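Encoded as structure tokens, the following chain is the form deposited in one PDB entry, with no partner shown.
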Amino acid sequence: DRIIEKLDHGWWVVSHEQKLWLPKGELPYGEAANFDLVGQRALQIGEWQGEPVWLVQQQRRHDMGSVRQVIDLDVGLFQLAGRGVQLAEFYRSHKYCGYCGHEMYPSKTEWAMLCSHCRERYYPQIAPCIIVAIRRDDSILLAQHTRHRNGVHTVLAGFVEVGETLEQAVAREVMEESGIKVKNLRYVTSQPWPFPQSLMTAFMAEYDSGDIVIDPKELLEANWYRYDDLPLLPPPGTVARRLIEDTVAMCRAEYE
């Protein structure tokens, strides 16, 4: 925890309220005074290729966007940046203590909120998430998400809920977004996600029953595409893509 000076340079995660500053569509890299940043509080969340990445918790008029606007920067950088945004949001939600109501402060040893008056603390929360590829014979369920809009067709995902298992989270999510029923869930892998903090677990499923009834609020559209007649997909390096690949592998195994 330091205060920025006139020769300070590197990567700057300037984050307010779920968004980060992205001038010219860029994650800012350079000197502090070039970014109107001198005299502010900055935390170092790590290093990219030997250069500090800083979290500055300040609002900016223009060019705030989503961290998943830097995904194609480097996954490693995105981990840093998403981690910054999460840490900013963590700090926002814990200025006061939920116990006793007096102002809290950041632990400089670890990454928690400590407390002046009382001795209770808070730690970052990890949200369990399911993600799933659904298979129906020669085809696989792909879909365009509403909030996304790159014209990509990916798999289904949703948050695990209270009192339920991964498998049940998959079944419910699939029921709600698509309106179909699945079977023979197979765990594939897991992958942490920076913002919001979450651990997604990857599942293959196969179609059991039902017709596609998209939640239009959530899904632009959903369709069964054959394993060799696919549309655009999430980029290689992403979990969703790996799942789709695994499914295509299943289909190939049966029909070729």
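In this text, residue numbers run from 1 along the sequence as written.
Between 209 to 217 and 40 to 48, it is 209 to 217 that carries the larger average Cα temperature factor according to the deposited entry. Averaged over CA atoms, B-factors in the entry run higher in 244 to 252 than in the other of 244 to 252 and 8 to 16. For the set 100, 127, 170, 133, the PDB entry assigns the largest Cα B-factor to 100. The PDB entry assigns its highest CA temperature factor, among 121, 186, 183, 95, to 121. The deposited CA B-factor of residue 154 belongs to the middle third of values across its chain.
For residue 166, the recorded CA temperature factor ranks within the lowest third of the chain's modelled residues. Compared with the other modelled residues of the chain, the Cα B-factor recorded for residue 223 ranks in the highest third. When all modelled residues of the chain are sorted by CA temperature factor, residue 106 is found within the middle third.
In the deposited entry, the Cα temperature factor of residue 232 places it in the highest third of its chain's modelled residues.
There is also a form deposited in another entry; it is not shown, and the following applies to it.
Regarding the hinge between rigid parts between this form and the one not shown, the matching entry from 123, 91, 74, 196 is 123.
Compared with the form shown, the residue 152-residue 75 C-alpha separation increases in the other entry, the change being 3 Å or greater. A shift of at least 3 angstroms brings the Cα atoms of residue 189 and residue 49 nearer to each other in the other entry than in the displayed structure.
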